[PDB]
Each structure stands twice: as C-alpha cells, then as structure tokens.
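Written out below as structure tokens is the structure these notes cover.
What is reported rests on the model, the rules as stated and the sources as named; nothing here is a laboratory result. Counting neighbours? That spans all protein chains shown, and the Cβs are built from the backbone with ideal geometry, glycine included.
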Protein chains: 4
Amino acid sequence: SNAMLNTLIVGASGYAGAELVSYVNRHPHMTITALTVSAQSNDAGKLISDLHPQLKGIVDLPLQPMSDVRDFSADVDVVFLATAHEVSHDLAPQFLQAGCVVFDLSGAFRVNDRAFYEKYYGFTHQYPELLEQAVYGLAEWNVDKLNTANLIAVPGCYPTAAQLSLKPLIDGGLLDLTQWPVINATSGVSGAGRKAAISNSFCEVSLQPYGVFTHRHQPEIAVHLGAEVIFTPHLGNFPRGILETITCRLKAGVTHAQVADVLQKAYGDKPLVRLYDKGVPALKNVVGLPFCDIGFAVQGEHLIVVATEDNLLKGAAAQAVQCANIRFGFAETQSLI
Amino acid sequence: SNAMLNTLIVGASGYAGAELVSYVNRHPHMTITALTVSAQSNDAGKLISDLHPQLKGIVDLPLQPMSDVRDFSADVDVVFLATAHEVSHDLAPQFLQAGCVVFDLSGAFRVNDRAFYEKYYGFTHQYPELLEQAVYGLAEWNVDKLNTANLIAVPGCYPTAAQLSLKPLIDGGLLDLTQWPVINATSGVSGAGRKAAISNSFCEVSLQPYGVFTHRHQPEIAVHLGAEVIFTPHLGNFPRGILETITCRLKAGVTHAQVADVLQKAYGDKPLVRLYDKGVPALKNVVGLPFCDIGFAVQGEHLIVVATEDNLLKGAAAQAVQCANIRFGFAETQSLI
Amino acid sequence: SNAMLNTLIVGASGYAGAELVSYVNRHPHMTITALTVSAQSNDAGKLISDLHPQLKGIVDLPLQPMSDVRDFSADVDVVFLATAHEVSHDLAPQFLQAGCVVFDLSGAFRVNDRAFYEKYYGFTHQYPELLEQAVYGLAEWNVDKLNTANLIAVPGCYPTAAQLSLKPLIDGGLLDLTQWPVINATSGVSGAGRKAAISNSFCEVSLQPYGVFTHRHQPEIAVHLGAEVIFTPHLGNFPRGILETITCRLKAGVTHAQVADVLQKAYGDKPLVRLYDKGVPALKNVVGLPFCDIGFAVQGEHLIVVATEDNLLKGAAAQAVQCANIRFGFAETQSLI
Amino acid sequence: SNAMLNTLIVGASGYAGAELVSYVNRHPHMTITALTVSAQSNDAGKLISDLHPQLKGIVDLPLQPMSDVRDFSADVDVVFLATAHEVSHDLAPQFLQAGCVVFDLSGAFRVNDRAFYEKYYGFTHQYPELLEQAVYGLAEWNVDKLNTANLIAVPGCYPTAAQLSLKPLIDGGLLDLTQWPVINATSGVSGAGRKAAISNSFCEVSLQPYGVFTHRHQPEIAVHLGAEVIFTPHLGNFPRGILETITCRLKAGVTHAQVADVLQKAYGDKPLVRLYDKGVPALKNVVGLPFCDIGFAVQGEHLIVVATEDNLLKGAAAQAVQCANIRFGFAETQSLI
C-alpha cells in the first residue's frame, strides 16, 4: 500500500473533533499526527480521552496548544479543521500555503459570496479566490470536483439533510417552487458545540425554535439549491441527531411514483443514503451511524419528505471523512461503517 | 354559595383522567362523586393514587368498574368522559338521557358530519342530532354557546394550539390560503395515552413523524377553521407538552403590526392564552400549566407562528374544566391556576 | 388579618429563587417587595419571567442589582437568601442587623462549627455567635425553635431526605451504627444551579457519582444525625428530583413492624411527608410537589429506606417557606399545596 | 482460513438479539444461518431491520417462526439463545443434542442449584447434568473452561459489572465481608426487554428501585462470589447502560494502593475492561461500547467501587460473542471493537 496519510485534527476537543479522532484512528490509510487546541486553551496538555472518555484506551493523545501553524504543518498531508468560522478563515489559507489538503467543517468557505459573510457571519472574507477554489463537500453531489479538491468546505449539519432531500427533486423539475419548501428541523444539543453556555445547559433545553428567519444555514441551503426555502431549526432535549420534515407543493400531475424514481436514481447506489420505500424514519435509527435516512409521502399536489442523520456524523465528521475518501481514492465509506 | 356540583369522572385511570381528578378535587364548587373504569378493567378496585402516586394522600378514591350508567347517574350534575371515541359515543347519550351535563374529551362529537366518523374513526355515528347539539369546546371562541351547552365536545390536543394560532388570522383575512398553512407539531408521549404498546414503550421513542396525511386531527382542524391545512404530528421523547410551528403565506401588504393587532385583540383579555410580543416560546415553560403560549415572526410575505401547551392540560383536562367553569358561571380559570 | 409580610428574595434569578417567587406570589400573607441579583449581574434589569418564562404573566418583576443592603432593607419583614455560601455569610448578618428575619438557603449557617467551614467551604466563618443562634430548618424536627428563630439555616437538598429517613430510626435506637448507613443519592441537574458550566451542560450529563468521600453534604448529615454515614451523590440526566436509597444494618431482633411504628409516629401527622406502607416511591411522583415520600423494606437484619423529594421544593424553596409558615404562625403548608 | 461458523440466533427480535445480529454480521468467522422467533410470534416473516431499523441495509434477514428445533439445527455450529429463561431451559438441550454449541443469554443454566430455579425463576429445572456442564460466561474469569465449553451460561447484566468489581477484591482477601457489600445499580429501560408493558412504557419511567430484597440477580451474584451482598437495582429514564456504585468495608490496614494492585493485576491485560486509575466513570462513556469501566475511591476502611457497562453489550451480547471468540480460538474482541 502507499504510506498512511499524516493527518492533523485542529479543534479536536469539541464534539465533532472527537468523532473525527475515532474515524481517523480507525482508518487504515490515515494516521493522527497531532491533535490541536487554541494557543491559550484551558484544555491544553489534557488527553483527548480525558474530555471524551469514550476514547479511553483507544486514543489517549494529548491536546497540543497551537500558536503557529508552522509548528505543525511539516509532514502533514491532511488537515481537518473542526474549529469555528473565524478561526477557519484564518487557518485554512496558512495550511494550504504549507502544502496541506484542508477539510474545513466550518461555514467559512461554503458560499462563493463575500456579502454572505458580512450579513450572516459578521466578518469581511479576505480570500475570495479560495471561495472560488473551495469544493462544497456535499459528497453525493460533488464526486468529480472532490477528486481534485485541496480545499473542501464541509456543509452544515442541517443543510446536508435538507439538500439531500431537495436537490434531486428541484433538479428533476418536480416542485412548484412558487410555494417555498418549508424545512422544519430539530437537532440534539451536541450541534451547539462543546461549551458552557446558558442555552445548552441541561435544564434550559426542552423544545424551542430558534434563528427564526435569521439562521445562517438558510442562505447556505437557498444559494446551493438555487431556490428560496423556509428553514426553521429547533433545539430538542436529546444529545444527537437531526430530523427534518420538509413540506412542498408538487407540480401539476407529479405522482408518488415519479418522486420515488427520482430519489432511487439519485441515491440507489449511494452507500451513505438509506431510502425508505414506504413510511418515514425515526431519529434513533441513525444515531451513532454515518447515514442520511430519507422517506416521503404524497397526497395530491403535496409532498412531505422526512430526512434524518446523526448531526455529528453525516452532519459533520463522517461527511468530512467521506470527502477525504473520495479525494484520496479510498472506498467511500472506509472507516465509517 | 350553591351546592358543589356532583361530578363523575369516567375513564379516570388514564393520564388525562388523572389531571381531571386533580382539578375537580381542588375546585371549590365541584366534588367527585365517583371515578370509573370499564366493567372488566384490570384496574378495578385499585385506588387512583396507586396508578397515579402524585395523588397520594390528596385523592385516594377507588376506581369503580362501571357496567351500567344507571348505577352512577343518580344525583350526578357533571360527567367528564376521559374515555376513547367509541366508548364516548356509547356513553354520552346515556348520561344526557339521565339529565347530566357531559364534557366529552374524545373525538366522538367534535365534527358535525357522519362521513367524518366513517373515514377517520371507523364507525357509523348513531347520534346525528347530538352532532348538531354538541358545542366545540375551544373555550376562547365558544363562550356564548358554552353557557347553555349540555354536551361539550372538547377539542383534540393538537387542534387546540393549531386553532388558537390560526383562527383569528383566517377570520381576520390576513392569510393567502392558496398556500395551505403547514402545521408541524411535536407531542410528548403522554398524548398516546396510558397503555402498554410497543410504539409508546420507552426505548421505542426518539423523534418520528406519524399519521402523515392520515391523522384524524387534520380534518378536525380543517373543518373547524374552514380552510385546508397540512398537519404533521411527531412523537418526541419527553412525557408532556405540544409545540407547533406553523408556517403561512400572508396576503400582499400584511405586516408584523397587523398580525400583532389581530392576536392582541383576540387574546389580550383571554386568561389562558399567553402572548409573546417578541420571540417564540420554549416548550418547558408551559409544562404543568394550563396555558397556550403564542409567539410569531414575519419576514416579507411569510409568517411563522409558534404555539405551545401542556398536552394533558390546555390540550385536554384544563380545557374541559375551563368549559365547565364557563357553563356553570364560575371564574374561567377556577381550579386551573 | 394582619398586613402581608414584606418579603425580599435575594438571588431570585436561580432555579430555587424562581420557586420561592412562585410560592411567595401565591402566599396570601406574604408579598414580594423586591427581587435582587448581584451588583454587576448580567441579568440586572431583566424581568424574572424573561429568565423563567413559566412565570410569564404571573410574576414579571424586574431583577434589581443590589450593591448595598440598606437600599432594600427598609420596611422588609422577611428575607430569603437563595444565594451562594460566601454571599450568604456576608449578607445574612447585615439583614439581621437591619431587623429582618432571614431564611438562608445556603450552607453558611447550617453547622455550629467554624472548622467545618474551613475544610468543606473554604472560608473562615466570621459569625460564630450566629452559628449558635441559627435554627436548622429541617422543619419536621425543629418546630419549637422555628417559632422564635430570626436566622433559619435551610438544610441542603440531599441532607433533607437523608435525615428525614434516618433521624427517627437513630433516635429510636433501631440501627446498628457500627455499620455506617450507606446513602446513595441521585439528583436532577437543577441541583447544580443556574449556570453555564461544562459539567451541567446538556451533552455532559448521563449518570456519574461525584464528591466521592468529599461532598460537603456528608458532614452536614453526620453532624446533625450524630452518626457517621457513607454519602454518595450522583448526577442524573433529568432536571428535577432527588431519590436516595439508604441501606442499613438493624439491631438484633428489630422487625419491619418496629420500623413502621417509628416512621408512623414520626410522620403520620406531618403534612409534607408521605409514608408508603408497602413498596418504595418512584421519583416522578413527587416532582413539582412539596413532599418527601418515604418507603422501606426489611430482610432479616438489613433495612433499605427509599426517600424522594423535588430537589428545588422540599429540598430547597418549599422547606424555606414551610419554615416561614411555622415562624409566622401560618398553616404549615400554606402556598405549598 | 477455516469456514465461517454457521450461527443461528434464536429470539433475534429483542434488544439483545439485535445486538447479536450486528456483531455476528460483522464477525469475519461467523455467518448468520437464520434468525428465529417463537412459533406464533406477531413478528414472524418481518425483517429484522423492520423492528430494528438501525440495521436497515446492513442485515435485512426475515424473522422465521420456529416450531421445531430440527428445522433449523442441521449444519449449525453455534446457537445464541437471546430468549427468556423457560424457553432457554426447553431449547438448549435440544440444540446440544443436535451437536450445536449453545451460548445461552438467559438465567436458565447460570447456577448449579435446582432449588435456585424454584424460588427465583418459578420452575423445576429438568437438566441437573447441564447445570454441572454449563460454564458461567463471565469471560475475564473463565477462559480455560470457555475453551472447551459446549454450553455457556452468559451472566446477567447487573451480575457482570458487580462481579468484575468484587471478585478480585474478595479472592484477594481485601474485604471485611461481615459488612455485606452494598450494590446500588441503575439500568436503562432496554434491560427490561422489548415488550409492551406498563412499567417500561415511556411515561412510567423516572427513577425507582425494584426487586428490593427479591431480585433474581442477587443470588446469582452471591453464589458465584461465595459471599452475601445487598443488591438494589433501579430503573432510570435513559435507554442503555448500567452504572453500579458498590460500597464495602476493607479489612484493617488495607490501602488504596493494595486495591489498585489487585485490580491492575486482574484486568491490566483484559481488553474489555477499562481501569480508571483515579476518579470514577460516567455512564455515557461506555454506552454503544463493549467495555466494563471501573474506578474506585478509598477513605480509611471504606471502599467505593464504581462500574459501568452497556447493558446490551458487555451486560449481554458482547459478552456472549466474547465467550464465543474464546471458545473458537478467535481474537477475544473480534467484531466487538
């Protein structure tokens, strides 16, 4: 075989980072060179399995404070950035410059539009040439570009299930888009990230919509689909998983059979998608697994699509690794299954 | 004062029945004459506080098997039926005939249409004159008829929050009804009722849509609103509460201010409704309380209304008691607050 | 009647403070004069029902930053301190000095021993005369002293159920104390308090023992019982409630009947205790209620006592109000039930 | 390599059976010959992934009703019985007679004592020679006998963590056994099994002790340890996992270091045990994993051991497969990790 890919995981101490660590550890063609945290992190020097004891005895590497990319970039092939948007914006170009392939899990390179970063992210994007270079890592729809991508912008968790549901229907011309698709989505609390805040504190969670008409995932979905949507996320009191219920109006004459044919053609041979021929998925059946599960129902001109994923897996870390498998010529689900 | 109303609670051993017991026990103008179960119930002779130990030392009355209404109807003023639809269909007329006022919590008398009971309930309704007599117990909108009603058909749990949200908007002419309102609703598991079944068994619950395009609450909502809706319920893994996220298209030119004015005019003086002027409610803040909490947001021609209630309280028992307060001239929230 | 007692609630923005607010609001003989937070609190000026929206429309008073006790002490009869130990140590004497009756919910005055505060609380107690004056607010066992107390040290949540279980057995001479009682206790996360910390963050909670051989509640229990115990608390993933399973060795010849007689004599007429004659309580049946529920089982010389309470109610706010009822001559359960 | 072992899974439709299916499916040296249910099962003909949709696309084999063992025994090497005790008692001998190796997950062959089955299981054991032949599948302590066992009685879920904690301490002479170890254990609801019953129904679960002084796991633990224990199980409201807090008195002079040495010697090289050198495990860190995690603390003559496992994995299916690996010469953790 070729040598294992030397892999750096930046922001490894969060929930998504910990899932990346498990996958890379298990991957026969990738090896962890280092796990990093911010320069002045309270978690510097602690073992990843101290913060994430499910990794105890499996991966016990220290979390190294990184103050300069050049202390870690030498002999690195692959960098996963499991960091926040503004850190990723700063870090990605430096790792590219050092000759690394970068899989960014943040929103920093997902949309080829500088004004987008103003409104929804609060900062002026300084790398418009990287906005053009970045490949959107929705893996089922970007295989050819992923093969040669050195900057991969991994989609948001909610956008992943939303677009897997909607894209083949829209590209197939099945939807009357004058009635904007309505995406109602619920996430477990791990999607807020590892952090002491009031709003993800145990007693503060029940069920509540948030980011109503303001969530940064909405424009990501609309721009990439090329169609306006309603997107309403909800925080539910369980740790893991996203379920989306997506309600649309079909074009005149479009049938259940035609929707089924389009989904089957899109995903029949896609190993991370599980299609329900009849009925709709329950969220627990994908938790801990790297799939997106999709079912649907039709009544006259109305369509409801239901999609689930594990928010940390297909919504984040498993999709990142899937993209890496595609990029490096490995079996698409290697380490994931 | 006048004498306390002699009150019989039929089907007292379920979750809604237990909440009725607490309220009636606490009501200064109502007194429990008996609590009943079916003739051959496995729970016959057991104390209500055996099955519902939150009632321990508060109400410890036995659950009496009832095989004939005439064994319980004498000297009864008020009957609450916390029973299933087919039992309620059988029982309500017999209690009416015995001179009782009947508050039915089931679906058996909610819709003035015999064909409705065929499709969605499976039986031929034998009392079409009682379908015409029944007052729909959506208490904020039926005060005048509730004052003289002897048969009250208490609304379903999901229909209550749906119609409190939609009715004043539709009657106000604010909505472009050619885009059917989309009601996405999540309930805690107590809404399935007290029963050993696989689907409400602990390990079987996560988050899943059900009754997709088939739920019997959909026609209840559509018929009473006089407008077609999309209604998708979801079972979530928490015991109590319903949250609904309702997405609509507004008519051209309708503003946030106009929606606010309509809601304020409808509910400003309604003691069981809590209006959020800005932002949307979280489900835990109504659990254990008799309110329906309503907030909303507008962007251009799109409206999202978010409504919460406790499914066993405003969705069932508290609404029943509210109707009884209206019917008998008691303070609207007596015993509820 | 006499005038309502003017009541100040200090540290009102936490979980226990919010429960105090509900009770005092509802109490016919107590009235809220003000709700306070620390001088530089991020929550200053916000309405209590902003942070605790279950109070929406019921209590909407602002949270006032307090920098000097003398800005709030005038015309106050009763002060509830729902604050941390070091704040309570500072504040209680100042409110006493201003002529107020002080119910302290913290640990600051619970134990008449200065060295106790060194080890387990980290500070040098500056008011040893108040350690002698303070009445331990375990309400079932301190009625006579509560009648004349101006400083009440409300017991910890875990200590309350532990001592209600153990005290009558120990005072009755039923236990072979050479085998230390083993108290295994589980609390919901609200017992950690309202605070953004990693350890009470939603995804961080499952079930784990903590404070093993180090918890400050252990000496509180041992000193007040006059006997050494094993005390092991556990954080469980539910918001509210404490269940304790307490395992002891009985003296030779002590029977189930003798244990029952002792418990019945101690609590038969105590309105906040619910005794199970047979079998053991489930935690959900006391959540939202002000009781401590106690059952037990015996086999030969071994005894298991099981006690539950709502950690914010009988474990905190309801016990405080119960003490206040005793102190001011009100019905013991006034506002609680 | 040798041919894959032909494996039959009996009672495959339950929670433990489903975990066996995943492991065997994944095992490179074992292959599923059939999955069976009882002769008149409501689940006959349904696909295992219909009942357990986490298996969708992975294992979709039908659940075959079995009325005669001889319809399934031909060309079977290994039988896993994930069935109830009385079924296992009936079935095990028939499969032995047919030349199969039987791993029984039930209690039917765990204890070499006929009277044991009378009291705690309700039936007269008809195979006392199989009680003598059976190897108790506590895998860390029975390797030599597991190598040649054709009947393996897999330990109960609670007994597994209890004995892994206690056995090396007792055999090492560290404990003053005149104070019976106190085992307080909490399980998720999957440990009650897949079944529609009131007591495992979603709304019925919170936290409650059960089987107080009566649980059939107590004698299993006492007999195999050769010492009397207190064992109190508790049903908690989460699906998966067992945590046990075990409180003992040490012999005079026994130190933390001596306990550590004994545990390290027992389990340092045991791949399914994870030893915490300091502090105690949290239940979520073993859920979904095949380990038993053990930490402990000492103060003077008192010891607390805390052990966790996933109740369906090390408490059931993973231990069964571990035993099978030992029996057939495969790597001890093959398929588990």
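Output the residue which, of all residues in the stretch D:120-159 that are touching a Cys at 6+ places or on another chain (Cβ under 7 Å) and β-branched (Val, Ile, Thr), is farthest from residue D:102 (Cα to Cα).
My answer is D:154.
Filter the stretch D:1-22 down to the residues that are assigned to a loop (DSSP other than H, G, I, E, B) and closer than 25 Å to residue D:288 by Cβ and list them by number.
D:11, D:12, D:13, D:14
Any residue in the stretch A:317-335 that is crowded, with 21+ Cβ neighbours inside 10 Å, touching a residue at least 24 places away in the same chain (Cβ under 8 Å) and closer than 30 Å to residue B:218 by Cα?
no
Go through the stretch D:74-110 and report how many residues are without any contact (Cβ under 8 Å) to a residue 60 or more places away in the chain, farther than 20 Å from residue D:14 by Cβ and part of a loop (DSSP other than H, G, I, E, B).
Total satisfying the criteria: 3.
Would you be able to tell me the number of residues in the stretch A:232-259 that are without any contact (Cβ under 8 Å) to a residue 24 or more places away in the chain and either in a loop (DSSP other than H, G, I, E, B) or not assigned by CATH to the domain that holds residue A:280 (or both)?
1
Search the stretch C:297-315 for residues being within 9 Å of chain D (Cβ to nearest Cβ) and hydrophobic (A, V, I, L, M, F, W, C), and hand back the single one that is surrounded by the most Cβ atoms within 10 Å (Cβ to Cβ).
C:306
One residue is enough: does the stretch A:310-330 have a residue meeting the conditions assigned to a strand (DSSP E or B), at negative phi and not hydrophobic (A, V, I, L, M, F, W, C)?
No, the stretch A:310-330 has no match at all.
In this structure, is residue A:281 under 20 Å from residue A:157 (Cβ atoms) and more than 9 Å from chain B (Cβ to nearest Cβ)? Break it down stepwise before answering.
Numbers: under 20 Å from residue A:157 (Cβ atoms): yes; more than 9 Å from chain B (Cβ to nearest Cβ): no.
Considered against the rule, which asks whether it is under 20 Å from residue A:157 (Cβ atoms) and more than 9 Å from chain B (Cβ to nearest Cβ), residue A:281 comes out as no.
Restricting to the stretch C:290-309, and then to whatever is touching a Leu at 6+ places or on another chain (Cβ under 7 Å) and in a loop (DSSP other than H, G, I, E, B), can you tell me which residue is farthest from residue B:22 (Cα to Cα)?
C:301
Assuming residue B:176 fulfils every condition listed in (1) under 25 Å from residue A:187 (Cα atoms); (2) acidic (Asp, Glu); (3) in contact with a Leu (Cβ under 8 Å, 6 or more places away or on another chain) apart from one, which condition is it?
Looking at each condition in turn, residue B:176 falls short on (1).
(1) under 15 Å from residue A:212 (Cα atoms); (2) touching a strand residue (DSSP E or B) at 6+ places or on another chain (Cβ under 7 Å): which one isn't true of residue B:277, the others all being true?
(2)
Name the pairs: first residue in the stretch C:36-53 and more than 13 Å from chain B (Cβ to nearest Cβ) and on the phi < 0 side of the Ramachandran plot, second residue surrounded by fewer than 20 Cβ atoms within 10 Å (Cβ to Cβ) and not basic (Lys, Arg), Cβ to Cβ under 6 Å, at least 6 apart or on different chains?
Listed by first residue and then by second, the contacts come to C:36/C:64; C:37/C:43; C:37/C:44; C:37/C:65; C:39/C:65; C:39/C:67; C:41/C:65; C:44/C:65.
Inside the stretch B:172-231, can you point out the residues that are away from chain A (no Cβ under 14 Å), among the charged types (D, E, K, R), part of a loop (DSSP other than H, G, I, E, B) and out of contact with any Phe, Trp or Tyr (no Cβ under 8 Å at 6 or more places or on another chain)?
Result: B:195, single match.
May I ask you to say which residue of A:71, A:60, A:43 is of a type in the set (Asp, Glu), in the same structural domain as residue A:97 (by CATH) and more than 22 Å from residue D:282 (Cα to Cα)?
Within the list A:71, A:60, A:43, the selection yields A:71.
In this structure, does residue A:253 turn out to be over 21 Å from residue A:176 (Cα atoms) and out of contact with any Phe, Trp or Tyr (no Cβ under 9 Å at 6 or more places or on another chain)?
no
Is the stretch B:142-152 home to any residue that is closer than 29 Å to residue A:245 by Cβ and either hydrophobic (A, V, I, L, M, F, W, C) or out of contact with any helix residue (DSSP H, G or I) (no Cβ under 9 Å at 6 or more places or on another chain) (or both)? Step through it out loud before you land on a result.
If we filter the stretch B:142-152 for residues that are closer than 29 Å to residue A:245 by Cβ, which is where we start, we get none.
No, the stretch B:142-152 has no match at all.
Do the conditions hold for residue B:266, that is, is it farther than 15 Å from residue B:164 by Cβ and surrounded by fewer than 24 Cβ atoms within 10 Å (Cβ to Cβ)?
Considered against the rule, which asks whether it is farther than 15 Å from residue B:164 by Cβ and surrounded by fewer than 24 Cβ atoms within 10 Å (Cβ to Cβ), residue B:266 comes out as no.
Yes or no, residue by residue, for (1) of a type in the set (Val, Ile, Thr); (2) on the phi > 0 side of the Ramachandran plot:
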{"site": "B:57", "(1), (2)": "no, yes"}
{"site": "B:62", "(1), (2)": "no, no"}
{"site": "B:66", "(1), (2)": "no, no"}
{"site": "B:70", "(1), (2)": "no, no"}
{"site": "B:75", "(1), (2)": "no, yes"}
{"site": "B:78", "(1), (2)": "yes, no"}
{"site": "B:91", "(1), (2)": "no, no"}
{"site": "B:97", "(1), (2)": "no, no"}
{"site": "B:101", "(1), (2)": "yes, no"}
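Against the conditions (1) over 24 Å from residue B:336 (Cα atoms); (2) outside any helix (DSSP H, G or I), where does residue B:168 fall short? Just the number, please.
Here residue B:168 meets the rest and fails (2).
Exactly one condition in (1) within 14 Å of chain C (Cβ to nearest Cβ); (2) of a type outside the set (A, V, I, L, M, F, W, C); (3) without any contact (Cβ under 8 Å) to a residue 40 or more places away in the chain is not met by residue D:269; state its number.
Tallying (1) within 14 Å of chain C (Cβ to nearest Cβ); (2) of a type outside the set (A, V, I, L, M, F, W, C); (3) without any contact (Cβ under 8 Å) to a residue 40 or more places away in the chain, residue D:269 fails exactly one: (1).
Would you pick out the residues in the stretch D:23-52 that are touching a helix residue (DSSP H, G or I) at 6+ places or on another chain (Cβ under 8 Å) and either part of a loop (DSSP other than H, G, I, E, B) or surrounded by 21 or more Cβ atoms within 10 Å (Cβ to Cβ) (or both)?
Answer for the stretch D:23-52, where residues must be touching a helix residue (DSSP H, G or I) at 6+ places or on another chain (Cβ under 8 Å) and either part of a loop (DSSP other than H, G, I, E, B) or surrounded by 21 or more Cβ atoms within 10 Å (Cβ to Cβ) (or both): D:23, D:24, D:27, D:29, D:30, D:35, D:43, D:48, D:52.
Take the residues in the stretch D:285-296 that are touching a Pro at 6+ places or on another chain (Cβ under 8 Å) and at the interface with chain C (Cβ under 10 Å from one of its Cβ atoms); name whichever of them is nearest to residue C:232 (Cα to Cα). I'd like the intermediate steps shown before the answer.
Taking the stretch D:285-296 and keeping what is touching a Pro at 6+ places or on another chain (Cβ under 8 Å), we get D:285, D:293-295.
Going one step further and asking which of them are at the interface with chain C (Cβ under 10 Å from one of its Cβ atoms), we end up with D:285, D:295.
Numbers: D:285: 20, D:295: 14 Å.
The qualifying residue nearest to residue C:232 (Cα to Cα) is D:295.
Check residue C:153 against each of (1) within 14 Å of chain D (Cβ to nearest Cβ); (2) of a type in the set (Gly, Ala, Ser); (3) on the phi < 0 side of the Ramachandran plot and name the one condition it does not meet.
For residue C:153, the exception is condition (1).
Could you look through the stretch D:87-142, keep only residues that are of a type in the set (S, T, N, Q) and over 15 Å from residue D:153 (Cβ atoms), and pick out the one that is surrounded by the most Cβ atoms within 10 Å (Cβ to Cβ)?
Residues of the stretch D:87-142 of a type in the set (S, T, N, Q): D:88, D:94, D:97, D:106, D:112, D:124, D:126, D:133, D:142.
Filter once more, keeping what is over 15 Å from residue D:153 (Cβ atoms): D:94, D:97, D:124, D:126.
Working: D:94: 15, D:97: 11, D:124: 10, D:126: 11.
Among residues in the stretch D:87-142 that are of a type in the set (S, T, N, Q) and over 15 Å from residue D:153 (Cβ atoms), the one surrounded by the most Cβ atoms within 10 Å (Cβ to Cβ) is D:94.
Can you confirm whether residue A:167 is in contact (Cβ under 8 Å) with a residue 12 or more places away in the chain, basic (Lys, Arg) and either surrounded by fewer than 20 Cβ atoms within 10 Å (Cβ to Cβ) or within 14 Å of chain B (Cβ to nearest Cβ) (or both)?
It is true that residue A:167 is in contact (Cβ under 8 Å) with a residue 12 or more places away in the chain, basic (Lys, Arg) and either surrounded by fewer than 20 Cβ atoms within 10 Å (Cβ to Cβ) or within 14 Å of chain B (Cβ to nearest Cβ) (or both).
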